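So the sequence lines, in the order shown, correspond to chains J, G, t, r and s.
Numbered by the entry's author numbering, the letters in the first sequence go through residues 346 to 365, 370 to 382, 386 to 401, 411 to 420, 424 to 438, 444 to 469, 482 to 541 in order.
Position in the second sequence (from 1) plus 59 gives the number in the entry's author numbering.
Numbered by the entry's author numbering, the letters in the third sequence go through residues 52, 56 to 65, 77 to 101 in order.
Numbered by the entry's author numbering, the letters in the fourth sequence go through residues 1 to 53, 57 to 65, 77 to 139 in order.
Numbered by the entry's author numbering, the letters in the fifth sequence go through residues 1 to 52, 56 to 65, 77 to 140 in order.
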Amino acid sequence: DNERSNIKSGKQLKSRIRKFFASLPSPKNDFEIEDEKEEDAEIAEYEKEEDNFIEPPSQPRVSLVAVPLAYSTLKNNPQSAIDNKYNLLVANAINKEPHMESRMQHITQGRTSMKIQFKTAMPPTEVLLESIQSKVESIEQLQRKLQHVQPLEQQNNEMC
Amino acid sequence: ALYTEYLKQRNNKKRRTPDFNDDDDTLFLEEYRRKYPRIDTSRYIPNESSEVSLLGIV
Amino acid sequence: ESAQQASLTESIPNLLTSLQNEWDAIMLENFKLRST
Amino acid sequence: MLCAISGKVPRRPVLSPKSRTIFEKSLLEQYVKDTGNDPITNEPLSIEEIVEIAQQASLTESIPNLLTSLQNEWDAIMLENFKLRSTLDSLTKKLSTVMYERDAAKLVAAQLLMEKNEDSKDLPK
Amino acid sequence: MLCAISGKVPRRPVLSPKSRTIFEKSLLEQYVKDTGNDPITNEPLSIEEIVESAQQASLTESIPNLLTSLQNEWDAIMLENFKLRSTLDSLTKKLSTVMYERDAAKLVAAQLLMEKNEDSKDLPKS
Numbered sequence: 346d347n348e349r350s351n352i353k354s355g356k357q358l359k360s361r362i363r364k365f370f371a372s373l374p375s376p377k378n379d380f381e382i386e387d388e389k390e391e392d393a394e395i396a397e398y399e400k401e411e412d413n414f415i416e417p418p419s420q424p425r426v427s428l429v430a431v432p433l434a435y436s437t438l444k445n446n447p448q449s450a451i452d453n454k455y456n457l458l459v460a461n462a463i464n465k466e467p468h469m482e483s484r485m486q487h488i489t490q491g492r493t494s495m496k497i498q499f500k501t502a503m504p505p506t507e508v509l510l511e512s513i514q515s516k517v518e519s520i521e522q523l524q525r526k527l528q529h530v531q532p533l534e535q536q537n538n539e540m541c
Numbered sequence: 060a061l062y063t064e065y066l067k068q069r070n071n072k073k074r075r076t077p078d079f080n081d082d083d084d085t086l087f088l089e090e091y092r093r094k095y096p097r098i099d100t101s102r103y104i105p106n107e108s109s110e111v112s113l114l115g116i117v
Numbered sequence: 052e056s057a058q059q060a061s062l063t064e065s077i078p079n080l081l082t083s084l085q086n087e088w089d090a091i092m093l094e095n096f097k098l099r100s101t
Numbered sequence: 001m002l003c004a005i006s007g008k009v010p011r012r013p014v015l016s017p018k019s020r021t022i023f024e025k026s027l028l029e030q031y032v033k034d035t036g037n038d039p040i041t042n043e044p045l046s047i048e049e050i051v052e053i057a058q059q060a061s062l063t064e065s077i078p079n080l081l082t083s084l085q086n087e088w089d090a091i092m093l094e095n096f097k098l099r100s101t102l103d104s105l106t107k108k109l110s111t112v113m114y115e116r117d118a119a120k121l122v123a124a125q126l127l128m129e130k131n132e133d134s135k136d137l138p139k
Numbered sequence: 001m002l003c004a005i006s007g008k009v010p011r012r013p014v015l016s017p018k019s020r021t022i023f024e025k026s027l028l029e030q031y032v033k034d035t036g037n038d039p040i041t042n043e044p045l046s047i048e049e050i051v052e056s057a058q059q060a061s062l063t064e065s077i078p079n080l081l082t083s084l085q086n087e088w089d090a091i092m093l094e095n096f097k098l099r100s101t102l103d104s105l106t107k108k109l110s111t112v113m114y115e116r117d118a119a120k121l122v123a124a125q126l127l128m129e130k131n132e133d134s135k136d137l138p139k140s
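Now the structure itself:
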């Protein structure tokens, strides 16, 4: 039973098992309007389970042979990947510099933050304030004592 | 000159007000409010962790 | 050849309000001290 | 010239002996206090391992304006830090979309090989 | 606030001028009368060497303390950038190898779609 669980978890999905989406049949309909793109779209909707689930009889030995075969088909290869990675990095820095529709989403993201954060701030503040306004008065009324302990000091030194 | 005239130089009264559906200018001003509010909420976390122990020690 | 200051609960203000007050308090004191 | 943590010009630089890299004394210490490691090579390093290793003063120009400069520079750095983090999340996000297509494609090859295998049997008959 | 020799709150603090440390006068005096030395560093010290103006001070609170605060802000935010610079160099490195394996594989999808259809085109005609 331990062996069977080891076979199902590994052969469940490569992306899902490793690490990190909303359901969109209209996005799959819009993207098609080419065949390989539709195959990955249905694959994403199946694993995730306006969303219907269905595909559950497709996804270990057939995948290993498929991976070994594709590896055979694939210094010079290392430089062509480093050059393309720099080109995509320049395209990512260019798409970011132009922005700084889209502006309304960021403001609403802040309104969530402003809400979530400032509510936390006000709770952290009022919790602190209750404990620390007393200690502020304690600390601040002590500071006033230095200002009188100093002013007398000088008059005594002067008179001395 | 500041003391004689009795006038302090004005600071950035901008972050507090802002406005939604603005422009590229308020897109910046909005993104400013987020990062500083996250810094704020992180700046309140390390205070509350110690809490009153750090205050009473001083 | 340690001191602790408890950073206020409402700690924007450090850039705007706190820093402004520090250079006001430096300015109007030394001017008043020059008067003395 | 540049400490490989912040991007500043270091005013008391210190070099790590596990990996040849001149860091700044303040920044390397905080990292070691978090976890006893080197930030670049992830090799086991300590504070005593560090060996303490140009200064040209900025003359801005010909004070109330300098207040608003420092305001603008913090205002700019806050957005230059923000822009660089949303880009990291979306490059990881678009990377995850590639991994699904990568593994989805190699399932579609298995059915295509079956259609080729079925064809090779029929051709022989 | 503490005396380094005893560990008590010293009621007459006197700081030495060889190993800088706040000692209690009555304690350190006896240490000097035992042998003319500073207890911590074991450097020579006499009783006259030990020491118990006009500018008024105010307590250390949240200009200099404000400037050292802004160092903490930036020095912490500089490490925040490393967390995203280092993590970016892993994602882009995995993306580069991922897109290369995608580009190396899709040529084989194009040939199997040719070969499986060509085998169907060949066989059906016969």
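Don't be surprised by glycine CBs; every beta carbon is placed ideally from N, CA and C.
Report, in whole angstroms, the separation of the C-beta atoms of residue i and residue j, which I expect to be a contact under 8 Å.
i, j, result
"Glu49 of chain s", "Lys8 of chain s", "Actually they are not in contact, since the Cβ atoms of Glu49 of chain s and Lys8 of chain s sit about 23 Å apart, beyond 8 Å."
"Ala90 of chain r", "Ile395 of chain J", "Contact flag wrong, Cβ pair sits at about 43 Å."
"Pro96 of chain G", "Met495 of chain J", "7 Å"
"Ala462 of chain J", "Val122 of chain s", "Between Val122 of chain s and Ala462 of chain J the Cβ distance is about 33 Å, and since that is not below 8 Å, they are no contact."
"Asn95 of chain r", "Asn95 of chain s", "6 Å"
"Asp133 of chain r", "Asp133 of chain s", "3 Å"
"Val459 of chain J", "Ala124 of chain r", "Between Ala124 of chain r and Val459 of chain J the Cβ distance is about 37 Å, and since that is not below 8 Å, they are no contact."
"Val111 of chain G", "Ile513 of chain J", "7 Å"
"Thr100 of chain G", "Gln420 of chain J", "With a Cβ gap of about 41 Å, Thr100 of chain G and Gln420 of chain J do not count as contacting."
So, is residue i buried or exposed, given that buried needs 16 or more other C-beta atoms within 10 angstroms?
i, result
"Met1 of chain s", "exposed"
"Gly491 of chain J", "buried"
"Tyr103 of chain G", "buried"
"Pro432 of chain J", "exposed"
"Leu438 of chain J", "exposed"
"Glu466 of chain J", "exposed"
"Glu89 of chain G", "buried"
"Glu115 of chain r", "buried"
"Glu534 of chain J", "exposed"
"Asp38 of chain s", "buried"
"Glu24 of chain r", "buried"
"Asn106 of chain G", "buried"
"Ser61 of chain r", "exposed"
"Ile77 of chain s", "exposed"
"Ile415 of chain J", "exposed"
"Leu509 of chain J", "buried"
"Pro44 of chain s", "exposed"
Measure the Cβ-Cβ separation of residue i and residue j and say whether it is below 8 Å.
i, j, result
"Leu84 of chain r", "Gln68 of chain G", "no"
"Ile5 of chain s", "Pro13 of chain s", "no"
"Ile47 of chain r", "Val32 of chain r", "yes"
"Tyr91 of chain G", "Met113 of chain r", "no"
"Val51 of chain r", "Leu15 of chain r", "yes"
"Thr106 of chain s", "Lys454 of chain J", "yes"
"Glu411 of chain J", "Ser372 of chain J", "yes"
"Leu126 of chain r", "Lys130 of chain s", "yes"
"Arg99 of chain r", "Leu98 of chain s", "yes"
"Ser65 of chain s", "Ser65 of chain t", "yes"
Does DSSP put residue i in a helix, in a strand, or in coil?
i, result
"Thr101 of chain s", "helix"
"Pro78 of chain r", "helix"
"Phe365 of chain J", "coil"
"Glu48 of chain r", "coil"
"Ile40 of chain s", "coil"
"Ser26 of chain s", "helix"
"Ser372 of chain J", "coil"
"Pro13 of chain s", "strand"
"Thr35 of chain r", "coil"
"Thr21 of chain r", "strand"
"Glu129 of chain r", "helix"
"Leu62 of chain s", "coil"
"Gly491 of chain J", "helix"
"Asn86 of chain s", "helix"
"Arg92 of chain G", "helix"
"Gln524 of chain J", "helix"
"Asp84 of chain G", "helix"
"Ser419 of chain J", "coil"
"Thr76 of chain G", "coil"
"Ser56 of chain t", "coil"
"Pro447 of chain J", "helix"
- Near-chain G residues of the stretch 484-512 of chain J - C-beta to any C-beta below 9 Å: Taken in chain order, the members of the stretch 484-512 of chain J whose beta-carbon sits within less than 9 Å of a beta-carbon on chain G are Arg484, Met485, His487, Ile488, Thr489, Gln490, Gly491, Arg492, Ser494, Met495, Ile497, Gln498, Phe499, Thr501, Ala502, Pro505, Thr506, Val508, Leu509 and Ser512.
- Task: Report the residues of the stretch 80-95 of chain r with a CB closer than 9 Å to any CB of chain G, ordered along the chain.
- Result: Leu81, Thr82, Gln85, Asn86, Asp89, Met92, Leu93 and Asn95
- Query: What residues in the stretch 68-83 of chain G bring their beta carbon closer than 7 Å to a beta carbon of chain t?
  - Reply: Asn70, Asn71 and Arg74
- Closer than 9 Å, Cβ to Cβ, to anything on chain r: give me those residues from the stretch 106-127 of chain s, in chain order. If the cut-off is 9 Å between Cβ atoms, the stretch 106-127 of chain s has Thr106, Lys108, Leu109, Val112, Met113, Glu115, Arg116, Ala119, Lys120, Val122, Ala123, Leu126 and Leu127 near chain r.
- Cβ-based contacts, 9 Å cut-off: residues of the stretch 19-40 of chain r near chain J: From the stretch 19-40 of chain r, no residue has a Cβ closer than 9 Å to chain J.
- Item | Members of the stretch 446-457 of chain J that neighbour chain r once the beta carbon cut-off is set at 7 Å | none
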